[PDB]
Amino acid sequence: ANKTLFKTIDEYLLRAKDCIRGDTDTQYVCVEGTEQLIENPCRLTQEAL
Amino acid sequence: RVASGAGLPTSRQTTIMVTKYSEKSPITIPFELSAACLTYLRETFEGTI
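Residues numbered from 1 in each chain as written, not as in the entry; some residues may be left out. Chains lettered and ligands numbered in written order. Part of a larger assembly, values for the part shown. Heavy atoms only, no water.

In the PDB header, cryo-EM is given as the technique by which the entry was determined, and 3.27 Å as its resolution.

The name the PDB entry gives chain B is Major capsid protein, with Human herpesvirus 5 strain AD169 as the organism. Recorded in the entry header as its title is "Human cytomegalovirus portal vertex, virion configuration 2 (VC2)".

The name the PDB entry assigns to chain A is Major capsid protein, from the organism Human herpesvirus 5 strain AD169.

The structure is reproduced here in structure tokens:
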């Protein structure tokens, strides 16, 4: 992921988003399209809060 | 309905039909009169004051 600044923020906008299925009690990863991707700013900064 | 982009399932037409019903709630109030009232309403004994 260590591209230049603007390519990095574009890759953050497009790629760096996960998805979790919202039907179930436990968190499962979803496939593209079924339900929208989740923004996670921790992925850019690489920190936990 | 909203048109779908590539990779996402398009939404089908639906027709939804429901029914509603009335309700009933009668009310009652009595009033009563004494036989003396019914006598004196019609009958004028000798016509004095």
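So much for the structure itself; the text now carries on.
Enquirer: Before we go on, may I ask you to explain the pattern of salt bridges in this structure?
Expert: Pairs may arise between side chains of opposite charge once their charged atoms sit close together. Residue and element names in this part refer to chain A. The tally for this structure, following the rule as stated, stands at 4 salt bridges over all chains. One salt bridge in this structure joins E11 and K3, with 3.1 Å as the shortest N-O distance. Residue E11 is classed as buried on the basis of its relative accessible area of 16%. On the accessibility criterion, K3 (43% relative accessible area) is partly exposed. (Salt bridge = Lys/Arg side-chain N within 4 Å of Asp/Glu carboxyl O. Buried < 20%, exposed > 50% of the residue type's maximum accessible area, 1.4 Å probe, protein only.)

Enquirer: How should the packing of aromatic side chains be read in this particular structure?
Expert: Geometry of an aromatic ring pair is reported as the spacing of the ring centres plus the angle between the planes. Residues and elements named next belong to chain B. For the coordinates displayed, the defined rule picks out 1 aromatic pair over all chains. An angle of 70° between the planes, with centres 5.5 Å apart, marks the rings of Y40 and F45 as edge-to-face. The exposed category is assigned to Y40, whose relative accessible area is 59%. (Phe/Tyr/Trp six-rings, centres within 6.5 Å; stacked < 30°, edge-to-face > 60°.)

Enquirer: Explanation requested: the environment of A:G22 in the structure shown.
Expert: Residue and element names in this part refer to chain A. Among the secondary structure elements, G22 is positioned in the loop between β1 (20–21) and β2 (28–29). Taking relative accessible area as the criterion, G22 reaches 61% and is therefore assigned exposed. Considered as a pair, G22 and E35 are 13 residues apart in the sequence and their alpha carbons are 8.6 Å apart. (Helix = DSSP H or I, 4+ residues; strand = E, 2+ residues; numbered from the N terminus.)

Enquirer: Explanation requested: the environment of A:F6 in the structure shown.
Expert: Within the fold, A:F6 resides in helix α1 (residues 5–14). Taking the C-alpha atoms as reference points, A:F6 and A:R21, separated by 15 residues in sequence, lie 30 Å from one another.

Enquirer: I'm lost on the side chain of A:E11 in this one. Help?
Expert: Along the polypeptide, A:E11 turns up in helix α1. When neighbours within four sequence positions are excluded, A:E11 is seen to be in contact with A:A1, A:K3 and A:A16. (Contact = heavy atoms within 4.5 Å.)

Enquirer: Looking at this model, I keep getting lost on α1(A). Mind explaining?
Expert: An α-helical segment advances 3.6 residues per turn. Residues three or four places apart therefore align on the same side. All names here are of chain A. What α1 keeps buried is the set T8, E11 and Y12. The arc that holds the buried residues of α1, viewed along the axis, is 105°, so those residues lie on one side. Facing away from the buried side of α1 by more than 90 degrees, the exposed set consists of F6, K7, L13 and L14. The inward-facing, buried residues of α1 contact α2 (42–45). (Arc of directions from axis to C-beta.)

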